[PDB]
file my_file_8.cif (mmCIF, N, CA and C atoms and all ligand atoms)
data_model
#
loop_
_atom_site.label_atom_id
_atom_site.label_comp_id
_atom_site.auth_asym_id
_atom_site.auth_seq_id
_atom_site.Cartn_x
_atom_site.Cartn_y
_atom_site.Cartn_z
N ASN U 257 -31.71 40.81 -2.49
CA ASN U 257 -31.03 40.47 -1.20
C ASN U 257 -29.61 39.92 -1.37
N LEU U 258 -29.42 39.07 -2.38
CA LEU U 258 -28.08 38.58 -2.72
C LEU U 258 -27.22 39.73 -3.26
N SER U 259 -27.88 40.64 -3.98
CA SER U 259 -27.22 41.82 -4.51
C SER U 259 -26.93 42.89 -3.43
N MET U 260 -27.19 42.58 -2.15
CA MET U 260 -26.96 43.54 -1.04
C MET U 260 -25.78 43.14 -0.13
N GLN U 261 -24.99 42.19 -0.61
CA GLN U 261 -23.88 41.68 0.16
C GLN U 261 -22.71 42.68 0.19
N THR U 262 -22.67 43.64 -0.74
CA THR U 262 -21.59 44.66 -0.70
C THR U 262 -22.02 46.00 -0.12
N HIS U 263 -21.07 46.69 0.50
CA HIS U 263 -21.35 47.98 1.12
C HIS U 263 -21.86 48.97 0.06
N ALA U 264 -21.17 49.03 -1.07
CA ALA U 264 -21.55 49.97 -2.16
C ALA U 264 -22.98 49.71 -2.66
N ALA U 265 -23.36 48.44 -2.76
CA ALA U 265 -24.71 48.12 -3.25
C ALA U 265 -25.77 48.56 -2.24
N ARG U 266 -25.53 48.31 -0.96
CA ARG U 266 -26.46 48.80 0.07
C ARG U 266 -26.55 50.34 0.05
N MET U 267 -25.41 51.01 -0.09
CA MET U 267 -25.40 52.48 -0.20
C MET U 267 -26.30 53.00 -1.31
N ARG U 268 -26.24 52.36 -2.49
CA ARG U 268 -27.05 52.81 -3.63
C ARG U 268 -28.56 52.76 -3.37
N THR U 269 -29.01 51.87 -2.47
CA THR U 269 -30.45 51.81 -2.12
C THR U 269 -30.96 53.07 -1.43
N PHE U 270 -30.04 53.88 -0.91
CA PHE U 270 -30.44 55.07 -0.15
C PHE U 270 -30.59 56.33 -0.99
N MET U 271 -30.65 56.14 -2.31
CA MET U 271 -30.88 57.22 -3.27
C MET U 271 -32.05 58.14 -2.85
N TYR U 272 -33.19 57.54 -2.49
CA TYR U 272 -34.41 58.27 -2.10
C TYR U 272 -34.74 58.19 -0.59
N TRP U 273 -33.69 58.00 0.22
CA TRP U 273 -33.78 58.04 1.69
C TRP U 273 -34.18 59.44 2.15
N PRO U 274 -35.22 59.56 2.99
CA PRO U 274 -35.64 60.92 3.38
C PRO U 274 -34.57 61.62 4.22
N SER U 275 -34.19 62.83 3.81
CA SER U 275 -33.15 63.59 4.51
C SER U 275 -33.48 63.97 5.97
N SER U 276 -34.77 63.99 6.33
CA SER U 276 -35.16 64.29 7.71
C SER U 276 -34.95 63.15 8.72
N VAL U 277 -34.72 61.91 8.27
CA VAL U 277 -34.42 60.81 9.23
C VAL U 277 -33.08 61.12 9.91
N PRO U 278 -33.03 61.08 11.26
CA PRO U 278 -31.81 61.48 11.95
C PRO U 278 -30.73 60.38 12.02
N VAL U 279 -30.70 59.48 11.05
CA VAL U 279 -29.63 58.47 10.90
C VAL U 279 -29.19 58.46 9.43
N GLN U 280 -27.88 58.45 9.20
CA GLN U 280 -27.30 58.58 7.86
C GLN U 280 -27.15 57.25 7.14
N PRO U 281 -27.31 57.24 5.81
CA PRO U 281 -27.09 56.06 4.99
C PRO U 281 -25.79 55.33 5.30
N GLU U 282 -24.69 56.08 5.38
CA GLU U 282 -23.35 55.50 5.65
C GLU U 282 -23.30 54.60 6.91
N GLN U 283 -23.85 55.11 8.02
CA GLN U 283 -23.92 54.35 9.29
C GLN U 283 -24.77 53.08 9.10
N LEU U 284 -25.88 53.21 8.38
CA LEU U 284 -26.80 52.10 8.17
C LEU U 284 -26.19 51.01 7.29
N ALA U 285 -25.63 51.41 6.16
CA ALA U 285 -25.03 50.43 5.24
C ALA U 285 -23.84 49.68 5.87
N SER U 286 -23.02 50.41 6.64
CA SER U 286 -21.90 49.83 7.35
C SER U 286 -22.36 48.74 8.33
N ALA U 287 -23.57 48.90 8.89
CA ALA U 287 -24.12 47.91 9.81
C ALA U 287 -24.91 46.79 9.13
N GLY U 288 -24.81 46.71 7.79
CA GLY U 288 -25.44 45.64 7.01
C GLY U 288 -26.82 45.95 6.45
N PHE U 289 -27.30 47.17 6.67
CA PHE U 289 -28.66 47.53 6.27
C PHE U 289 -28.76 48.19 4.90
N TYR U 290 -29.87 47.90 4.22
CA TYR U 290 -30.20 48.60 2.96
C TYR U 290 -31.64 49.10 3.05
N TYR U 291 -31.96 50.12 2.26
CA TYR U 291 -33.27 50.77 2.27
C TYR U 291 -34.25 49.97 1.43
N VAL U 292 -35.40 49.62 2.00
CA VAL U 292 -36.43 48.89 1.25
C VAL U 292 -37.31 49.81 0.40
N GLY U 293 -37.17 51.12 0.60
CA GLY U 293 -37.85 52.08 -0.27
C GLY U 293 -39.17 52.61 0.25
N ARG U 294 -39.51 52.31 1.50
CA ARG U 294 -40.69 52.94 2.09
C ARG U 294 -40.38 53.49 3.46
N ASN U 295 -40.87 54.72 3.70
CA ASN U 295 -40.67 55.41 4.98
C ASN U 295 -39.19 55.35 5.38
N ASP U 296 -38.86 54.83 6.56
CA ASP U 296 -37.45 54.63 6.91
C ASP U 296 -37.12 53.17 7.22
N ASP U 297 -37.83 52.25 6.55
CA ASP U 297 -37.63 50.83 6.75
C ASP U 297 -36.32 50.39 6.11
N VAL U 298 -35.49 49.69 6.88
CA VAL U 298 -34.27 49.08 6.35
C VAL U 298 -34.25 47.60 6.73
N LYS U 299 -33.52 46.79 5.97
CA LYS U 299 -33.33 45.37 6.30
C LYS U 299 -31.86 44.96 6.25
N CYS U 300 -31.49 43.97 7.05
CA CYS U 300 -30.11 43.46 6.99
C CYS U 300 -30.02 42.46 5.88
N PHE U 301 -28.97 42.61 5.06
CA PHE U 301 -28.72 41.68 3.95
C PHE U 301 -28.49 40.23 4.39
N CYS U 302 -27.96 40.04 5.59
CA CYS U 302 -27.59 38.73 6.10
C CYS U 302 -28.75 38.03 6.82
N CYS U 303 -29.27 38.65 7.88
CA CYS U 303 -30.26 37.97 8.74
C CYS U 303 -31.71 38.30 8.35
N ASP U 304 -31.86 39.26 7.43
CA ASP U 304 -33.17 39.74 6.97
C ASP U 304 -33.96 40.47 8.07
N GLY U 305 -33.27 40.89 9.14
CA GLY U 305 -33.90 41.66 10.23
C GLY U 305 -34.30 43.02 9.69
N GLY U 306 -35.52 43.47 9.99
CA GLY U 306 -35.97 44.80 9.54
C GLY U 306 -36.04 45.76 10.71
N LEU U 307 -35.60 46.99 10.49
CA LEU U 307 -35.68 48.05 11.51
C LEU U 307 -36.30 49.31 10.92
N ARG U 308 -36.97 50.08 11.75
CA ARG U 308 -37.62 51.28 11.28
C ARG U 308 -37.77 52.18 12.49
N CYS U 309 -38.35 53.37 12.27
CA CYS U 309 -38.56 54.38 13.31
C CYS U 309 -37.27 54.78 13.98
N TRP U 310 -36.27 55.07 13.15
CA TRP U 310 -34.98 55.56 13.63
C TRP U 310 -35.12 56.86 14.43
N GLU U 311 -34.42 56.90 15.56
CA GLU U 311 -34.44 58.02 16.48
C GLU U 311 -33.10 58.72 16.49
N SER U 312 -33.11 59.99 16.84
CA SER U 312 -31.88 60.74 17.04
C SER U 312 -31.05 60.03 18.11
N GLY U 313 -29.76 59.82 17.83
CA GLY U 313 -28.89 59.14 18.80
C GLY U 313 -28.76 57.63 18.60
N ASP U 314 -29.59 57.05 17.72
CA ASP U 314 -29.53 55.60 17.45
C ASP U 314 -28.19 55.23 16.84
N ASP U 315 -27.66 54.09 17.26
CA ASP U 315 -26.46 53.53 16.65
C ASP U 315 -26.89 52.22 15.97
N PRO U 316 -26.83 52.16 14.63
CA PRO U 316 -27.30 50.98 13.90
C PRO U 316 -26.65 49.66 14.36
N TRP U 317 -25.38 49.68 14.78
CA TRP U 317 -24.76 48.40 15.26
C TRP U 317 -25.35 47.97 16.60
N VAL U 318 -25.67 48.95 17.45
CA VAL U 318 -26.30 48.63 18.73
C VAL U 318 -27.70 48.07 18.49
N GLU U 319 -28.47 48.75 17.64
CA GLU U 319 -29.82 48.30 17.30
C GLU U 319 -29.80 46.91 16.66
N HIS U 320 -28.83 46.66 15.79
CA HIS U 320 -28.68 45.32 15.16
C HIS U 320 -28.53 44.22 16.23
N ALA U 321 -27.64 44.46 17.20
CA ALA U 321 -27.36 43.54 18.30
C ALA U 321 -28.49 43.44 19.31
N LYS U 322 -29.22 44.54 19.52
CA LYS U 322 -30.35 44.53 20.43
C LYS U 322 -31.45 43.59 19.92
N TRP U 323 -31.76 43.71 18.63
CA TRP U 323 -32.91 43.00 18.07
C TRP U 323 -32.59 41.70 17.34
N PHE U 324 -31.40 41.61 16.74
CA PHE U 324 -31.00 40.41 15.95
C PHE U 324 -29.62 39.85 16.39
N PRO U 325 -29.52 39.40 17.67
CA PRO U 325 -28.22 39.08 18.22
C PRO U 325 -27.55 37.85 17.61
N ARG U 326 -28.29 36.98 16.92
CA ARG U 326 -27.73 35.78 16.27
C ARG U 326 -27.21 36.02 14.84
N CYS U 327 -27.31 37.25 14.34
CA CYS U 327 -26.92 37.55 12.97
C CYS U 327 -25.42 37.26 12.78
N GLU U 328 -25.08 36.39 11.83
CA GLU U 328 -23.69 36.04 11.58
C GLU U 328 -22.80 37.21 11.07
N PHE U 329 -23.34 38.07 10.23
CA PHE U 329 -22.57 39.26 9.77
C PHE U 329 -22.23 40.14 10.98
N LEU U 330 -23.22 40.37 11.84
CA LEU U 330 -23.02 41.15 13.08
C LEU U 330 -21.93 40.55 13.96
N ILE U 331 -22.04 39.25 14.20
CA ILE U 331 -21.05 38.51 14.96
C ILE U 331 -19.64 38.60 14.35
N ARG U 332 -19.53 38.37 13.05
CA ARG U 332 -18.22 38.48 12.41
C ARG U 332 -17.60 39.91 12.43
N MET U 333 -18.41 40.94 12.36
CA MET U 333 -17.88 42.32 12.40
C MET U 333 -17.55 42.83 13.80
N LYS U 334 -18.40 42.52 14.76
CA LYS U 334 -18.33 43.15 16.09
C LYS U 334 -17.95 42.16 17.17
N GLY U 335 -18.18 40.89 16.89
CA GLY U 335 -17.78 39.83 17.81
C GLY U 335 -18.86 39.49 18.81
N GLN U 336 -18.84 38.24 19.24
CA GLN U 336 -19.81 37.73 20.23
C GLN U 336 -19.83 38.52 21.56
N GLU U 337 -18.67 39.01 21.98
CA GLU U 337 -18.57 39.75 23.23
C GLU U 337 -19.37 41.05 23.20
N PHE U 338 -19.28 41.77 22.09
CA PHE U 338 -20.09 42.98 21.88
C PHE U 338 -21.57 42.63 21.97
N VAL U 339 -21.99 41.60 21.23
CA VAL U 339 -23.39 41.18 21.25
C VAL U 339 -23.86 40.82 22.70
N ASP U 340 -23.11 39.97 23.39
CA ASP U 340 -23.45 39.58 24.77
C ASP U 340 -23.67 40.81 25.68
N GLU U 341 -22.79 41.79 25.55
CA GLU U 341 -22.90 43.00 26.36
C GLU U 341 -24.17 43.79 26.07
N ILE U 342 -24.54 43.90 24.79
CA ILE U 342 -25.76 44.60 24.40
C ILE U 342 -26.97 43.82 24.94
N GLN U 343 -26.85 42.50 24.99
CA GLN U 343 -27.91 41.67 25.52
C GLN U 343 -27.94 41.66 27.06
N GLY U 344 -27.02 42.38 27.70
CA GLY U 344 -26.98 42.44 29.17
C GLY U 344 -26.43 41.19 29.81
N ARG U 345 -25.59 40.48 29.07
CA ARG U 345 -24.86 39.30 29.57
C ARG U 345 -23.42 39.74 29.73
N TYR U 346 -22.92 39.62 30.94
CA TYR U 346 -21.59 40.05 31.25
C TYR U 346 -20.78 38.84 31.72
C1 LIG U 401 -35.81 53.47 18.03
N1 LIG U 401 -34.77 52.76 17.27
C2 LIG U 401 -35.33 51.91 16.22
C3 LIG U 401 -34.24 51.29 15.34
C4 LIG U 401 -36.13 50.77 16.78
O1 LIG U 401 -35.93 50.33 17.88
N2 LIG U 401 -37.07 50.25 15.99
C5 LIG U 401 -37.94 49.18 16.41
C6 LIG U 401 -37.90 48.12 15.32
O2 LIG U 401 -37.52 48.46 14.22
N3 LIG U 401 -38.22 46.83 15.54
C7 LIG U 401 -38.73 46.37 16.87
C8 LIG U 401 -38.42 44.90 17.11
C9 LIG U 401 -39.32 44.27 18.19
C10 LIG U 401 -39.29 42.76 17.82
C11 LIG U 401 -38.54 42.72 16.45
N4 LIG U 401 -38.74 44.09 15.91
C12 LIG U 401 -37.90 44.41 14.75
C13 LIG U 401 -38.15 45.92 14.39
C14 LIG U 401 -39.44 46.08 13.61
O3 LIG U 401 -40.48 46.55 14.08
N5 LIG U 401 -39.37 45.70 12.34
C15 LIG U 401 -40.49 45.77 11.42
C16 LIG U 401 -41.17 44.41 11.54
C17 LIG U 401 -42.06 44.22 10.31
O4 LIG U 401 -41.18 44.15 9.19
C18 LIG U 401 -40.30 45.18 8.99
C19 LIG U 401 -39.75 45.40 7.72
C20 LIG U 401 -38.85 46.44 7.52
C21 LIG U 401 -38.50 47.27 8.58
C22 LIG U 401 -39.03 47.04 9.83
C23 LIG U 401 -39.92 45.99 10.05
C24 LIG U 401 -39.21 50.04 16.48
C25 LIG U 401 -40.32 49.68 15.48
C26 LIG U 401 -41.43 50.73 15.51
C27 LIG U 401 -41.76 51.43 16.85
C28 LIG U 401 -40.75 51.30 18.01
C29 LIG U 401 -39.73 50.15 17.90
ZN ZN U 402 -28.22 41.04 10.46
#
call {"tool": "encode", "arguments": {"input": "my_file_8.cif", "output": "structure tokens"}}
result
Amino acid sequence: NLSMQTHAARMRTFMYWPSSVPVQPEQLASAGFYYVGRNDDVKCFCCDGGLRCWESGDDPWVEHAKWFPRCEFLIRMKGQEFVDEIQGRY
């Protein structure tokens, strides 16, 4: 988990990511996620939030904010305003 603080390190976890999942490693790693090595389960290096069952059209930053809105990495990258909006606070 400490070794997942860099984008390149998270990317390397996707070596055996199934090609049929309709979400790409690059999008996932950019949003703080790394592959835990089973099915399509990923976790955030910062908040330890886990996501799975990726769907066509999913945006990992939106999903991050939907489910883990207090994540500090998410807040620092996208800002509190983005998070509030995803949470339906205007
Ligand atoms: C459809 N888009 C995906 C990203 C999505 O919304 N996934 C949800 C999810 O990952 N969630 C849902 C939220 C609800 C409360 C917090 N949950 C976090 C996350 C989830 O299910 N994570 C599991 C929890 C058990 O531990 C792990 C470990 C690794 C990966 C995922 C999870 C799914 C899960 C499976 C069926 C449909 C919703
Ligand atoms: Zn997070």
call {"tool": "residues_near_ligand", "arguments": {"input": "my_file_8.cif", "ligand": "ligand ZN 402 (chain U)", "cutoff": "7 Å", "atoms": "only C-alpha atoms and all ligand atoms", "output": "MDAnalysis selection string"}}
result
chainID U and resid 288 300:305 320 324 327:330
call {"tool": "closest_atom_pairs", "arguments": {"input": "my_file_8.cif", "of": "chain U", "to": "ligand LIG 401 (chain U)", "cutoff": "7 Å", "atoms": "only C-alpha atoms and all ligand atoms", "output": "JSON lines"}}
result
{"residue": "U:297", "atom": "CA", "partner": "U:LIG401", "partner_atom": "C21", "distance": 4.1}
{"residue": "U:298", "atom": "CA", "partner": "U:LIG401", "partner_atom": "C21", "distance": 5.1}
{"residue": "U:299", "atom": "CA", "partner": "U:LIG401", "partner_atom": "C20", "distance": 5.8}
{"residue": "U:305", "atom": "CA", "partner": "U:LIG401", "partner_atom": "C12", "distance": 6.6}
{"residue": "U:306", "atom": "CA", "partner": "U:LIG401", "partner_atom": "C21", "distance": 3.7}
{"residue": "U:307", "atom": "CA", "partner": "U:LIG401", "partner_atom": "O2", "distance": 3.3}
{"residue": "U:308", "atom": "CA", "partner": "U:LIG401", "partner_atom": "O2", "distance": 4.1}
{"residue": "U:309", "atom": "CA", "partner": "U:LIG401", "partner_atom": "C2", "distance": 5.0}
{"residue": "U:310", "atom": "CA", "partner": "U:LIG401", "partner_atom": "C2", "distance": 4.5}
{"residue": "U:311", "atom": "CA", "partner": "U:LIG401", "partner_atom": "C1", "distance": 5.0}
{"residue": "U:314", "atom": "CA", "partner": "U:LIG401", "partner_atom": "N1", "distance": 6.0}
{"residue": "U:319", "atom": "CA", "partner": "U:LIG401", "partner_atom": "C3", "distance": 5.7}
{"residue": "U:323", "atom": "CA", "partner": "U:LIG401", "partner_atom": "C11", "distance": 5.9}
call {"tool": "write_last_selection", "arguments": {"input": "my_file_8.cif", "atoms": "N, CA and C atoms", "output": "compact mmCIF listing (two decimals), in the frame of the given file"}}
result
# COMPACT_ATOMS: atom_id res chain seq x y z
N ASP U 297 -37.83 52.25 6.55
CA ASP U 297 -37.63 50.83 6.75
C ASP U 297 -36.32 50.39 6.11
N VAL U 298 -35.49 49.69 6.88
CA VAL U 298 -34.27 49.08 6.35
C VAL U 298 -34.25 47.60 6.73
N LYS U 299 -33.52 46.79 5.97
CA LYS U 299 -33.33 45.37 6.30
C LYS U 299 -31.86 44.96 6.25
N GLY U 305 -33.27 40.89 9.14
CA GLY U 305 -33.90 41.66 10.23
C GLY U 305 -34.30 43.02 9.69
N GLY U 306 -35.52 43.47 9.99
CA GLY U 306 -35.97 44.80 9.54
C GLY U 306 -36.04 45.76 10.71
N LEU U 307 -35.60 46.99 10.49
CA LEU U 307 -35.68 48.05 11.51
C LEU U 307 -36.30 49.31 10.92
N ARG U 308 -36.97 50.08 11.75
CA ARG U 308 -37.62 51.28 11.28
C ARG U 308 -37.77 52.18 12.49
N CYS U 309 -38.35 53.37 12.27
CA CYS U 309 -38.56 54.38 13.31
C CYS U 309 -37.27 54.78 13.98
N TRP U 310 -36.27 55.07 13.15
CA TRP U 310 -34.98 55.56 13.63
C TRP U 310 -35.12 56.86 14.43
N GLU U 311 -34.42 56.90 15.56
CA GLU U 311 -34.44 58.02 16.48
C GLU U 311 -33.10 58.72 16.49
N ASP U 314 -29.59 57.05 17.72
CA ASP U 314 -29.53 55.60 17.45
C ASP U 314 -28.19 55.23 16.84
N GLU U 319 -28.47 48.75 17.64
CA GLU U 319 -29.82 48.30 17.30
C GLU U 319 -29.80 46.91 16.66
N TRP U 323 -31.76 43.71 18.63
CA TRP U 323 -32.91 43.00 18.07
C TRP U 323 -32.59 41.70 17.34
call {"tool": "residues_around", "arguments": {"input": "my_file_8.cif", "residues": "residue 317 (chain U)", "least_positions_apart": "5", "cutoff": "7 Å", "atoms": "only N, CA and C atoms", "output": "list in words"}}
result
residues 283, 287 and 322 of chain U
call {"tool": "atom_distance", "arguments": {"input": "my_file_8.cif", "atom1": "atom C of residue 271 (chain U)", "atom2": "atom C of residue 259 (chain U)"}}
result
16.1 Å
call {"tool": "select_by_dssp", "arguments": {"input": "my_file_8.cif", "residues": "chain U", "states": "strand (DSSP E or B)", "output": "number ranges by chain"}}
result
U: 289-291, 298-300, 306-307
call {"tool": "write_last_selection", "arguments": {"input": "my_file_8.cif", "atoms": "N, CA and C atoms", "output": "compact mmCIF listing (two decimals), keeping the file's coordinate frame"}}
result
# COMPACT_ATOMS: atom_id res chain seq x y z
N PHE U 289 -27.30 47.17 6.67
CA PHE U 289 -28.66 47.53 6.27
C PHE U 289 -28.76 48.19 4.90
N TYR U 290 -29.87 47.90 4.22
CA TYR U 290 -30.20 48.60 2.96
C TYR U 290 -31.64 49.10 3.05
N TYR U 291 -31.96 50.12 2.26
CA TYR U 291 -33.27 50.77 2.27
C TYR U 291 -34.25 49.97 1.43
N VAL U 298 -35.49 49.69 6.88
CA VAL U 298 -34.27 49.08 6.35
C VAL U 298 -34.25 47.60 6.73
N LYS U 299 -33.52 46.79 5.97
CA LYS U 299 -33.33 45.37 6.30
C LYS U 299 -31.86 44.96 6.25
N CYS U 300 -31.49 43.97 7.05
CA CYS U 300 -30.11 43.46 6.99
C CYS U 300 -30.02 42.46 5.88
N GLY U 306 -35.52 43.47 9.99
CA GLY U 306 -35.97 44.80 9.54
C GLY U 306 -36.04 45.76 10.71
N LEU U 307 -35.60 46.99 10.49
CA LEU U 307 -35.68 48.05 11.51
C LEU U 307 -36.30 49.31 10.92
call {"tool": "select_by_dssp", "arguments": {"input": "my_file_8.cif", "residues": "region 262-336 of chain U", "states": "alpha helix (DSSP H)", "output": "JSON, numbers by chain"}}
result
{"U": [263, 264, 265, 266, 267, 268, 281, 282, 283, 284, 285, 286, 316, 317, 318, 319, 320, 321, 322, 323, 328, 329, 330, 331, 332, 333, 334, 336]}
call {"tool": "write_last_selection", "arguments": {"input": "my_file_8.cif", "atoms": "N, CA and C atoms", "output": "mmCIF file, keeping the file's coordinate frame"}}
result
data_model
loop_
_atom_site.group_PDB
_atom_site.id
_atom_site.type_symbol
_atom_site.label_atom_id
_atom_site.label_comp_id
_atom_site.auth_asym_id
_atom_site.auth_seq_id
_atom_site.Cartn_x
_atom_site.Cartn_y
_atom_site.Cartn_z
ATOM 1 N N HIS U 263 -21.070 46.690 0.500
ATOM 2 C CA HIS U 263 -21.350 47.980 1.120
ATOM 3 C C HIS U 263 -21.860 48.970 0.060
ATOM 4 N N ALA U 264 -21.170 49.030 -1.070
ATOM 5 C CA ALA U 264 -21.550 49.970 -2.160
ATOM 6 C C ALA U 264 -22.980 49.710 -2.660
ATOM 7 N N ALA U 265 -23.360 48.440 -2.760
ATOM 8 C CA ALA U 265 -24.710 48.120 -3.250
ATOM 9 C C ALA U 265 -25.770 48.560 -2.240
ATOM 10 N N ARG U 266 -25.530 48.310 -0.960
ATOM 11 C CA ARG U 266 -26.460 48.800 0.070
ATOM 12 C C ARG U 266 -26.550 50.340 0.050
ATOM 13 N N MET U 267 -25.410 51.010 -0.090
ATOM 14 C CA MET U 267 -25.400 52.480 -0.200
ATOM 15 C C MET U 267 -26.300 53.000 -1.310
ATOM 16 N N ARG U 268 -26.240 52.360 -2.490
ATOM 17 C CA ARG U 268 -27.050 52.810 -3.630
ATOM 18 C C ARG U 268 -28.560 52.760 -3.370
ATOM 19 N N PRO U 281 -27.310 57.240 5.810
ATOM 20 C CA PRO U 281 -27.090 56.060 4.990
ATOM 21 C C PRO U 281 -25.790 55.330 5.300
ATOM 22 N N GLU U 282 -24.690 56.080 5.380
ATOM 23 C CA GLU U 282 -23.350 55.500 5.650
ATOM 24 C C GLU U 282 -23.300 54.600 6.910
ATOM 25 N N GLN U 283 -23.850 55.110 8.020
ATOM 26 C CA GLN U 283 -23.920 54.350 9.290
ATOM 27 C C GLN U 283 -24.770 53.080 9.100
ATOM 28 N N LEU U 284 -25.880 53.210 8.380
ATOM 29 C CA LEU U 284 -26.800 52.100 8.170
ATOM 30 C C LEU U 284 -26.190 51.010 7.290
ATOM 31 N N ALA U 285 -25.630 51.410 6.160
ATOM 32 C CA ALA U 285 -25.030 50.430 5.240
ATOM 33 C C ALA U 285 -23.840 49.680 5.870
ATOM 34 N N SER U 286 -23.020 50.410 6.640
ATOM 35 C CA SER U 286 -21.900 49.830 7.350
ATOM 36 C C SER U 286 -22.360 48.740 8.330
ATOM 37 N N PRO U 316 -26.830 52.160 14.630
ATOM 38 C CA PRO U 316 -27.300 50.980 13.900
ATOM 39 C C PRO U 316 -26.650 49.660 14.360
ATOM 40 N N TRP U 317 -25.380 49.680 14.780
ATOM 41 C CA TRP U 317 -24.760 48.400 15.260
ATOM 42 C C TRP U 317 -25.350 47.970 16.600
ATOM 43 N N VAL U 318 -25.670 48.950 17.450
ATOM 44 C CA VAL U 318 -26.300 48.630 18.730
ATOM 45 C C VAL U 318 -27.700 48.070 18.490
ATOM 46 N N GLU U 319 -28.470 48.750 17.640
ATOM 47 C CA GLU U 319 -29.820 48.300 17.300
ATOM 48 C C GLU U 319 -29.800 46.910 16.660
ATOM 49 N N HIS U 320 -28.830 46.660 15.790
ATOM 50 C CA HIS U 320 -28.680 45.320 15.160
ATOM 51 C C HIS U 320 -28.530 44.220 16.230
ATOM 52 N N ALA U 321 -27.640 44.460 17.200
ATOM 53 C CA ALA U 321 -27.360 43.540 18.300
ATOM 54 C C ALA U 321 -28.490 43.440 19.310
ATOM 55 N N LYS U 322 -29.220 44.540 19.520
ATOM 56 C CA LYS U 322 -30.350 44.530 20.430
ATOM 57 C C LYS U 322 -31.450 43.590 19.920
ATOM 58 N N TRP U 323 -31.760 43.710 18.630
ATOM 59 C CA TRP U 323 -32.910 43.000 18.070
ATOM 60 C C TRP U 323 -32.590 41.700 17.340
ATOM 61 N N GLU U 328 -25.080 36.390 11.830
ATOM 62 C CA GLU U 328 -23.690 36.040 11.580
ATOM 63 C C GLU U 328 -22.800 37.210 11.070
ATOM 64 N N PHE U 329 -23.340 38.070 10.230
ATOM 65 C CA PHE U 329 -22.570 39.260 9.770
ATOM 66 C C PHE U 329 -22.230 40.140 10.980
ATOM 67 N N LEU U 330 -23.220 40.370 11.840
ATOM 68 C CA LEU U 330 -23.020 41.150 13.080
ATOM 69 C C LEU U 330 -21.930 40.550 13.960
ATOM 70 N N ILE U 331 -22.040 39.250 14.200
ATOM 71 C CA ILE U 331 -21.050 38.510 14.960
ATOM 72 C C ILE U 331 -19.640 38.600 14.350
ATOM 73 N N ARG U 332 -19.530 38.370 13.050
ATOM 74 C CA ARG U 332 -18.220 38.480 12.410
ATOM 75 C C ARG U 332 -17.600 39.910 12.430
ATOM 76 N N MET U 333 -18.410 40.940 12.360
ATOM 77 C CA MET U 333 -17.880 42.320 12.400
ATOM 78 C C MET U 333 -17.550 42.830 13.800
ATOM 79 N N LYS U 334 -18.400 42.520 14.760
ATOM 80 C CA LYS U 334 -18.330 43.150 16.090
ATOM 81 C C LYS U 334 -17.950 42.160 17.170
ATOM 82 N N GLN U 336 -18.840 38.240 19.240
ATOM 83 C CA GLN U 336 -19.810 37.730 20.230
ATOM 84 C C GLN U 336 -19.830 38.520 21.560
#
call {"tool": "atom_distance", "arguments": {"input": "my_file_8.cif", "atom1": "CA of residue 313 (chain U)", "atom2": "CA of residue 335 (chain U)"}}
result
22.3 Å
call {"tool": "atom_distance", "arguments": {"input": "my_file_8.cif", "atom1": "CA of residue 280 (chain U)", "atom2": "CA of residue 262 (chain U)"}}
result
17.3 Å
call {"tool": "axis_aligned_box", "arguments": {"input": "my_file_8.cif", "around": "region 314-333 of chain U", "padding_each_side": "6 Å", "output": "lines of an AutoDock Vina configuration file"}}
result
center_x = -25.2
center_y = 46.4
center_z = 15.1
size_x = 27.4
size_y = 33.3
size_z = 22.7
call {"tool": "residues_around", "arguments": {"input": "my_file_8.cif", "residues": "residue 312 (chain U)", "least_positions_apart": "3", "cutoff": "9 Å", "atoms": "only C-alpha atoms", "output": "count of residues only"}}
result
3
